[PDB]
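Here we start with a single chain on its own, the form deposited in one PDB entry, put down as structure tokens.
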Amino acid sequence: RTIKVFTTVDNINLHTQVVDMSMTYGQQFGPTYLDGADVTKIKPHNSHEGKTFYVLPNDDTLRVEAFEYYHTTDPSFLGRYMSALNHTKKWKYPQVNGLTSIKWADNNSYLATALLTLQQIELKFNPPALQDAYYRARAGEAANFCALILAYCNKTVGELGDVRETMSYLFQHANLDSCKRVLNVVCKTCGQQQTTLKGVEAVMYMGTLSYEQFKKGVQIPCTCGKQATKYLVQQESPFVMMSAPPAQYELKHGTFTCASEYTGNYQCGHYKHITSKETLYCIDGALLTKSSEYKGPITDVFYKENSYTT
């Protein structure tokens, strides 16, 4: 009339619980998952004796362990993650030019480029769930990782994704604490003026794709209206991410690590991944083609960095 079972939010803590066998797991735990399967409407069939189930964080020690694993506190995180996972484990993640990609499915082009970029920049995620899923994605098993990205960005399977917005969300969960970007500008009405940026904001700029153009200054307007020049004074980070609204722009081999291109219906668009290895490579989900140069609508280009002073 009862069965012994375990419930967890992070798959490591496993609190014991005694289940009625006359009630549904849902009646007892709220929404409940057995190996990704939604068993909320189900009554114990023995079998589960000894098994472990995923629950949403109902009590206060569950919310703690969940925050410590996912570094979020949204009650609806475990469930949006499983909603998306029901579809992501059905995708197929082939290796492409050494890297783990995703074949087209459910308008995921922006996820495949996002994931191919993450494997070329050196980045380590604080939240234990992310880093574990990120290592498994590197091994060809990126289903958990993709379902985590969708959940961290508040996106459902199939919605329109935006690479810059997707990476902005993830980079806040990445260990970018030690990244410094220092910017100075010439007379507005102030001659010189100096600012400093830290963390996620240090490695991200909207407005121009050319890292060198950014090094050598960009003329942006100033408080009175005089077109001053912003220039990269110093930079300390493992990479930088230059974005800009999309236009015909030319990817010159050996001048950037990787980049993303957006084509097709603007509202439900398509993304392609451009990476520079021996020659320029275009990774398109599962379709790989090589070329000496590239021209297309480029949104966001990725470059590697150690330290920079001008």
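Residue positions are given as counts along the sequence shown, with the first one as 1.
In this entry, 215 to 223 has the higher mean Cα B-factor, the comparison being between 197 to 205 and 215 to 223. For the segment pair 90 to 98 and 175 to 183, the entry gives 175 to 183 the higher mean B-factor, averaged over Cα atoms.
Listed residues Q192, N144, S109, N154 were ranked by CA B-factor as deposited; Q192 comes out on top.
Within the group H270, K41, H45, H273, the record's highest C-alpha temperature factor is found at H45.
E236: CA B factor lies in the highest third for its chain, per the PDB record. Per the PDB record, residue ranking by Cα B-factor puts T263 in the lowest third of the chain.
For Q27, the recorded CA temperature factor ranks within the lowest third of the chain's modelled residues. In the PDB entry, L34 places in the middle third of its chain by CA B-factor. Among all modelled residues in this chain, the alpha-carbon of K188 has a temperature factor (C-alpha) in the highest third.
Below: the form deposited in another entry, not depicted.
Scanning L176, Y69, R181, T117 for the location where one rigid part gives way to the other between the shown form and the other one picks out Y69 as the hinge. Relative to the shown form, the Cα atoms of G50 and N86 move together by 3 Å or more in the other form. Panel note: the distance between the CA atoms of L197 and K188 is larger in the other form than in this form, the difference being 3 Å or more.
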